[PDB]
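Peer 1: no sequence on this one, just coordinates:
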């Protein structure tokens, strides 16, 4: 009842997806999901984040189809439930 790697095999201690995107393109960070976590927070840079304009942040994956200064930092994804937390580290950097 849990999908720990429902994206790619990139579960590493404080990393996940280190990718560079050019100025005006699509960049994405896909987390995991299970009958445990219900809220997926994408900590942009180094703190919780979930915007909209340019970035369509879904409780499972965050897709930014523009990669502006906005994707200059670490997008660590924290999937959580009232009593559990799992994290993946997507380094997303704008070129």
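Peer 2: Okay, I see it. Residues are numbered from 1 along each chain as shown.
Peer 1: The nearest residue to residue 30 once chain neighbours are set aside sits in which helix or strand?
Peer 2: Once flanking residues are discounted, residue 30 sits nearest to residue 7: 3.6 Å by CB to CB, 6 or more residues apart in numbering. Every residue, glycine included, has its C-beta placed from N, CA and C. Using DSSP states H and E, residue 7 is not contained in any helix or strand.
Peer 1: If you tally nearby residues, what's the number for residue 7?
Peer 2: 20 (other CB atoms under 10 Å).
Peer 1: ok, now how distant is it from residue 69?
Peer 2: 25 Å (CB to CB, to the nearest Å).
Peer 1: Same check on residue 33?
Peer 2: Separation of residue 33 from residue 69 (CB to CB): 29 Å.
Peer 1: And these two? Which one has more around it.
Peer 2: Higher neighbour count among residue 33 and residue 69: residue 33, with 19 against 8, using other CB under 10 Å.
Peer 1: Looks like the more buried one contacts residue 6 (just checking).
Peer 2: Yes - between residue 33 and residue 6 there is a contact at 5.5 Å, judged by CB atoms under 8 Å.
Peer 1: Just the residues contacting the longest strand seen in the chain, thanks.
Peer 2: Taking DSSP state E as the criterion, the chain has its longest strand at strand 84-94. Applying CB atoms under 8 Å, 6 or more residues apart in numbering, the contact partners of strand 84-94 are 4, 10-12, 14-23, 27, 29, 31-32, 36-37, 64, 67-80.
Peer 1: Right, I'll leave it there.
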